[PDB]
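In the order they appear, the protein sequences are chains B and D. Every number in PDB author numbering is 293 more than the matching position in the first sequence, counting from 1. Every number in PDB author numbering is 244 more than the matching position in the second sequence, counting from 1.
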Amino acid sequence: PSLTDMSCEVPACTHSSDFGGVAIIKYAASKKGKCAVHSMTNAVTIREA
Amino acid sequence: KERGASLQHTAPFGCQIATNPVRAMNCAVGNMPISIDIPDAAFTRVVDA
C-alpha cells in the first residue's frame, strides 16, 4: 500500500521513560494492507512496529 | 426584659447562630482552600476524548 496526504499531531506528550507520548497520524491509502512504522530519529522510540 | 438582640440578629457577615452546642453557621468571611486528591481511574486519556 502507498500512503499520501499524511498529517501528524501530538495531543499530549510526556518524557516519562514508559512511552509517555502519543501521536495521531492522518493518512490516505491506495489499498488495504500492513505497513511498517519506523522512527527516523534516535531520540524518539516508537513502540509500534 | 433588657437583653437586646441575640447574636443571630446582630452578628455581621450574615452569621447564623445556634446553641447546644453553640455554633456560628455560614459566615461569609474569607476563602476556603479545598485540596482534592483524585485517583487516575477518574481521568480520561486525551486520545480517548
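Note that the Cβ used here is the ideal one computed from N, Cα and C, for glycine as well.
Beta carbon proximity, residue i to chain E, threshold 8 Å
{"i": "B:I339", "result": "Included in the structure are the protein chains B and D, with no chain E among them."}
Listed by chain order, chain D residues near residue i by CB distance under 7 Å
{"i": "B:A329", "result": "Going along chain D, no residue has its Cβ under 7 Å from B:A329, so there is no contact; the nearest lies around 22 Å."}
Beta-carbon proximity check, residue i vs residue j, cutoff 8 Å
{"i": "B:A342", "j": "B:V330", "result": "yes"}
{"i": "D:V290", "j": "B:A305", "result": "yes"}
Chain D contact residues for residue i, given Cβ-Cβ distances below 9 Å
{"i": "B:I318", "result": "Result: empty, since nearest Cβ-Cβ is about 12 Å, beyond 9 Å."}
CA nearest to the CA of residue i, picked from the options
{"i": "B:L296", "options": "B:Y320, B:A336, B:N335, B:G313", "result": "B:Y320"}
{"i": "B:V303", "options": "B:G314, B:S309, B:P294, B:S310", "result": "B:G314"}
{"i": "D:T254", "options": "D:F287, D:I280, D:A268", "result": "D:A268"}
{"i": "B:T338", "options": "B:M299, B:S310, B:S300, B:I318", "result": "B:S310"}
{"i": "B:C301", "options": "B:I318, B:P294, B:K327", "result": "B:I318"}
Neighbouring residues, chain D, relative to residue i (Cβ below 8 Å)
{"i": "B:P304", "result": "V290, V291"}
Residues that residue i bridges to, as DSSP identifies them
{"i": "B:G314", "result": "B:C306"}
{"i": "D:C271", "result": "Beta-bridge pairing links D:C271 to no other residue."}
{"i": "residue 320 of chain D", "result": "No information on residue 320 of chain D is available, as it lies outside the stretch 245 to 293 that chain D covers here."}
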